[PDB]
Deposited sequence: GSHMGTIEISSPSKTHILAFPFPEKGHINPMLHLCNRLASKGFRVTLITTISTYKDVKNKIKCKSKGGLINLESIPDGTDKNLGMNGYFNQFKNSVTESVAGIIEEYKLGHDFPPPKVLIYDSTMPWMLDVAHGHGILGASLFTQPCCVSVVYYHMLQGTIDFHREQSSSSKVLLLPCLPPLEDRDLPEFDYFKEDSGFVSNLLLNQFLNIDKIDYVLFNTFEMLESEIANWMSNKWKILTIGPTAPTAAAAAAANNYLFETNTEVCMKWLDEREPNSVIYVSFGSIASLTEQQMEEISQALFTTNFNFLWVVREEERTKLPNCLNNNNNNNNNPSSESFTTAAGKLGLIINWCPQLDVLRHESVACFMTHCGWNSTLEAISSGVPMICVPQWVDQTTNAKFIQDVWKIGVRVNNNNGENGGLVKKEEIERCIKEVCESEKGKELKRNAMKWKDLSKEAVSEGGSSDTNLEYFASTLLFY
């Protein structure tokens, strides 16, 4: 007969998001923010000023913070941690005292920044840790943290058996020694994702349960992890060179283009670029090869963008960046020569594109193991077993993926996993359900 009703809805719930300022961490966070804004949430993405321009063009409320850094990996990272700890706390407190927006309910922060949980909890809001790597390699990091099995790795070969994982050869383990005297720092960075795993309010993984069933269930029983991937949309984020790349691809034959990208960070030696060049300029396919501006000088002196007719009569384009998700979904693309970063790997899965795996370090070695031997949607190159990958090896892997009956089955496998990733994020799918569990319980 008389009183007041209070309605908690997405439209009056405010979600803060803070990615690590690198594209493989920014991009999956942005995709997740877009899905959350689509459910009606007020979403504020926080990012460093030197990434603010990039994020501004791709896209949601946007907020910049100082880069926090002036310097090797450690000094860079400790300054970073100290600076963003204060600036994000300031943003949280300002949005508490505001009146236009709702006060923040939760901070979604990158899993490699676990101290951000103390920032969120210290300011009275929930924390959600977004893991940007698959379940299988993340569990390895946990076991390395637990200091149980010896992971130290030339007088023998070792094979490691961990619960709910296929046996892992030494080459299958996440690769840190590439970083030499910084291997400890990079190692610590990935291991420490688990330092406070039991105190995190939501543990988010950009993967889908059918892809990693055994290990996801294992993790789900230990922690209440929510697999919510792929966060990228199925068949928004507007990448640079979009019109140029789509026009070039629209003029190619179906299933005729090898797409080549080594991600946003990896840098191959100039001898390694030469092997890749000679392979691509003599194969029976067109090619689209992303060579970042800062990497152009490692190209063979033989050669913003550049067009080629190849020695096989085909066409090549070398470009400094591309809308990778749109490239992968283009009918012209036959396969994806990739460094096996997790976003690249999962984007290719969601697109049905088989892979040639040229992994460089951290999780890319483990991902390539799963791409070839578990999901069976690619072939991994063979290095002296850090070793150079020769043009004849790359050529062997192209002919296998694109010119053999085995390649036809890898393509069938990849269309099967493509359908499964689409079902995961559709209504009733495992990832849609876990993302809704996140959204719905935020309202409680």
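- Residues of the deposited sequence lacking C-alpha coordinates fall in the stretches 1-2, 62-69, 81-82, 166-167, 250-257, 326-335, 416, 419-420, 480, numbered from 1.
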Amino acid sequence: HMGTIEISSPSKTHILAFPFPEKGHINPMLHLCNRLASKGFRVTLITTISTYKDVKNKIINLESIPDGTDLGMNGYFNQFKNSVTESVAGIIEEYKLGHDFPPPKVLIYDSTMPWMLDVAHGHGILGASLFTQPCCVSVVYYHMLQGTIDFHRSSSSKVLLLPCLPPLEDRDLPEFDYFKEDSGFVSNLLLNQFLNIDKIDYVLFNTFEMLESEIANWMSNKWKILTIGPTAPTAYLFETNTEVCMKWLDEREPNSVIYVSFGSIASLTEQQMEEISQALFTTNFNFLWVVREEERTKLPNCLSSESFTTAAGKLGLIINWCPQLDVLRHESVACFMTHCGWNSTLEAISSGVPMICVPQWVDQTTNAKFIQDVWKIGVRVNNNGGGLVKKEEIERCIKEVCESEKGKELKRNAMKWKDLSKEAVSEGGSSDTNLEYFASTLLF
From here on, numbers count along this sequence of modelled residues.
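Here the rigid core means the biggest group of C-alpha atoms that line up within 1.5 Å when the two forms are laid on top of each other.
- Fitting each structure in 6 other deposited structures of this protein onto the rigid core and averaging C-alpha distances over structures and residues, 76-84 emerges as the more displaced of 76-84 and 360-368.
- Coordinates for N384 are absent from at least a third of the other compared entries of this protein that model residues on both sides of it.
- In every other compared PDB entry of this protein that covers both flanking sides, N196 is modelled, so it falls short of the one-third threshold for missing coordinates.
- The question of which stretch, 358-366 or 154-162, has the higher mean Cα B factor is settled in favour of 154-162.
- Higher mean CA temperature factor between 83-91 and 280-288: 83-91, per the PDB entry.
- Sorting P28, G378, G386, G40 by the CA temperature factor given in the entry leaves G386 at the top.
- Of the residues listed, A414, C397, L32, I59, the entry assigns the biggest Cα temperature factor to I59.
- Sort the modelled residues of the chain by CA B factor and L303 lands in the highest third.
- Split the chain's modelled residues into thirds by C-alpha temperature factor. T441 is in the lowest one.
- The deposited CA B-factor of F208 belongs to the lowest third of values across its chain.
- Sort the modelled residues of the chain by CA B factor and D172 lands in the lowest third.
- Annotation for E274: CA B-factor lies in the middle third of the chain's modelled residues.
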